């Protein structure tokens, strides 16, 4: 008996060769391979397959290869591939990617993916499943920001801040042992994974290092605290000893040095360069040249992504209200004009497309939108496809190579840069079960269900007083994962090895899973999945033109974007 492929994909989600449009973009992803056995697909419901004695095994106890949760028929989109499989979770981790079911009667069942009495089922047929996003440029200024991030598929926030204090509103920094300890305690009530950055500023090692020992998971060097050669040098010395990452927002004003001086202070040590284009901050006007070096892990923030007709007008004004610039002062206008450049923002689109900028981030609430990292990554890929065409690497009419390059920018690359990719950042066996289900029509826009540590944390769901969950109004809502003490088991606080060894978690009474930051000092640009290009970026000091390999990098701003007015009420 045979099923035509339109009906097959309607019932079980697409299979090998089928393509799916991402939201209302022009991007198409193609199923590369499928782990199922046709005819033994797993499904749940009245008269369906995962029933006792049938697709559900009624013999095995939970420890005997039985799952706590099976996601059936998922279309996985990940740096590791775009393919169809069942996803099995146990003890809050992904334990099996393959084929779920009952080896009694089904062919090809992955041996640790038995559906048994202990298994809960999530149907992912017809959904696209990705890792949770990893935002490594978060200002912790307003706790209402967390739902905003969960609603666009973000599951890990790395950054700093103590609320709406001016140091936090400017810089992803939680300064000193006491502020860090307070925010680690605050983090017990946030339904998201978190890593806190200390102030990467000081001319003696001890004041910086005591932040790492207190529980920071890394450091932030920001020009508002003095992005000087000494602060740079001391932070990188602390980081190389502690095994944590350092992010930098360099001296835009060129006060103590130009870009080549900051690079000389770095001295070949690894460093994450934030908002590398420079509208968000950094040596004017050539900070984006940082993205060509081997020891730099380069990220963009999201307001410049992608380049549109309102971008410059919005940024010039945004810049003048943040810095309280005056129209009237010629030094304020020259600074603005040296910082907000069409030439570098257009070239930033293309450098993402080429794999020269490896990561995206938000810059939440300090020149960045907390719920738009994922959104704007796909808007940029769509714009690039329209302006540059299918990448040369593409095969078969699909945009798989570009989808893997761009999905890596907000999942695995930030995780690798921060020293936390052993726990999160991708859909692989052995990693924490932070998974985001998306209807294809809403892909990258509004997550359907967000799974944190194997339990749903956040979902678009309707009336709680209705007979079923689909009646209006359907809106983003926190689920049982965020409630009571389950918020501790479904979320990870990432901390330095020394604070963990010194017993900061038990000192503070932290009940969350504790994740260890590690292996971030001997990586470089080559370790960024699908985005590992090093090259000589030249920025003309007079025109601000960007040239890579002797060619000017330029594109036009667009008047309209997908993933915008068709979806949003405001």
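Numbering follows the first chain given and starts at 1.
Peer 1: Given the B-factors recorded for C-alpha atoms, which segment has the greater mean, 153-161 or 381-389?
Peer 2: Result: 381-389.
Peer 1: What stretch has the higher average Cα B-factor here, 528-536 or 29-37?
Peer 2: Averaging CA B-factors over each stretch, the winner is 528-536.
Peer 1: Tell me which of 311, 460, 136, 413 tops the list for C-alpha B factor in the record.
Peer 2: The listed residue with the largest C-alpha B-factor is 311.
Peer 1: Taking the Cα B-factors listed in the entry, which of 317, 489, 181, 423 comes out highest?
Peer 2: Reading the PDB entry, the winner on C-alpha B-factor is 317.
Peer 1: Check where residue 562 lands among this chain's C-alpha B-factors and tell me if it's the lowest, middle or highest third.
Peer 2: It falls in the middle third of the chain.
Peer 1: If you rank the chain by CA B-factor, which third does residue 549 end up in: lowest, middle or highest?
Peer 2: Highest third of the chain for residue 549's C-alpha B-factor.
Peer 1: Would you please rank residue 10 by its C-alpha temperature factor against the other modelled residues of its chain and give the third it falls in: lowest, middle or highest?
Peer 2: It falls in the top third of the chain.
Peer 1: Sorting the chain's CA B-factors, does residue 512 end up in the lowest, middle or highest third?
Peer 2: For residue 512, whose C-alpha B-factor we compare with every modelled residue in the chain, the answer is the lowest third.
Peer 1: If you rank every modelled residue in this chain by C-alpha B factor, which third holds residue 431: lowest, middle or highest?
Peer 2: Residue 431: CA B-factor falls in the lowest third of its chain.
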